[PDB]
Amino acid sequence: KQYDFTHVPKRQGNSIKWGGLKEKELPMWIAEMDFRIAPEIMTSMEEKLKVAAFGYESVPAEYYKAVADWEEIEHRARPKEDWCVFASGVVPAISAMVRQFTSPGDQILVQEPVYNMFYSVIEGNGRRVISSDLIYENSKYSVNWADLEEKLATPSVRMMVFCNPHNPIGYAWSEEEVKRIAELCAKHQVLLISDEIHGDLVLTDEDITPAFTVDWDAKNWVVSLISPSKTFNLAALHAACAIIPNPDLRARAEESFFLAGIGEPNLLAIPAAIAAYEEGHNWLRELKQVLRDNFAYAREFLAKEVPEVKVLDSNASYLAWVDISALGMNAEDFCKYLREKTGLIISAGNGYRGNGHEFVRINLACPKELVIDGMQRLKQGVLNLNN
């Protein structure tokens, strides 16, 4: 290993994951890593600070080239550089496109259970969430394609926020899955917002199919959203990119970003994202080895010692989605009890809606010692409910 995946970075006091924690508490909930970032990214940030003045910045061509090269090398899918639009973050970008591309009262389709912020930005903006729930049978989720299409074909359903890879279940959709969803959207004149923030984190030999790769019958109805945030542990960098093949939709999205105040990079976003996308390949390769090892440990350990929970098969993300239905306890109550009894803090599934009240979500992007600790604490919590 050329990089450090053993030492937990010591945060300042306002960290959400680590701030204000009792002693020995173990946070494994919010989706950020307990690894130092790639030193090539750190080098770029430290070089930028040498300017020692931080006035207004433009988005350089080098930024879009870096995004396009990254998508080509890592995902065999090069976007055209002119498809790319900087935004300060994925969820702010979705929020702006909700306002620009739908009207108040319109419905926006998601596939529950899904990332909670999708509901916040839809409902907070005065749009209405509609779900084609994922079907859960035999420890696997699947799409009810007829229901999905009937909902997309509804006149007031105007946008689909598609989570690709899907958070929290950790599923990188197949090529014909993505192509089918895009064709359904296009046929029914629905804009497909493809949130691909987990796209660099496919752990099997499968890979992401970005929405921008679908053929031109449908490519004019898609937006791909990417960011180095999840991949490189850079949530607070506020650097993202919308990839929008449709030139007019693209320009409208850009204008909505500027009006909302999310179209201009902060003092680090451009050099740091360029460094990640140009020089982060080796660090990501080693990261995936660590994550595969951590998932292998969690799956082997919970299969052997905690048969009352079921880690779902997932091919993407560093988040494990764990069926706790056999405990007969609402996930929020269980997570509260588990924290009080063991100090382990994991995410209750309820906020993802769908059938999330039967699940917990566990963040495995930390050093293996923390994974070993956390799994034992989860075992302790499950078996002491038995008493």
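Start at 1 and count along the sequence shown; that's the residue number.
A.B. asks: Using only C-alpha atoms and the B-factors in the entry, which stretch averages higher, 313-321 or 133-141?
C.D. replies: In the deposited entry, the stretch with the higher C-alpha B-factor mean is 133-141.
A.B. asks: Comparing 300-308 with 119-127, which has the greater mean CA B-factor as deposited?
C.D. replies: Result: 300-308.
A.B. asks: Considering only modelled residues of the same chain, in which third does the CA B-factor of residue 70 rank: lowest, middle or highest?
C.D. replies: Answer is lowest: the recorded C-alpha B-factor places it there.
A.B. asks: Sorting the chain's modelled residues by C-alpha B-factor, tell me whether residue 235 ends up in the lowest, middle or highest third.
C.D. replies: It belongs to the highest third of the chain when residues are ordered by C-alpha B-factor.
A.B. asks: Test of reading the entry: by CA B factor among the chain's modelled residues, which third contains residue 280?
C.D. replies: Within its chain, residue 280 is a highest-third residue by C-alpha B-factor, going by the deposited values.
A.B. asks: Could you look up the Cα B-factor of residue 336 in the entry and say which third of the chain it sits in: lowest, middle or highest?
C.D. replies: Highest third of the chain for residue 336's C-alpha B-factor.
A.B. asks: For residue 354, return the chain-relative third of its C-alpha B-factor as stated in the PDB record: lowest, middle or highest.
C.D. replies: Its C-alpha B-factor, which the entry lists for residue 354, ranks in the middle third among residues of this chain.
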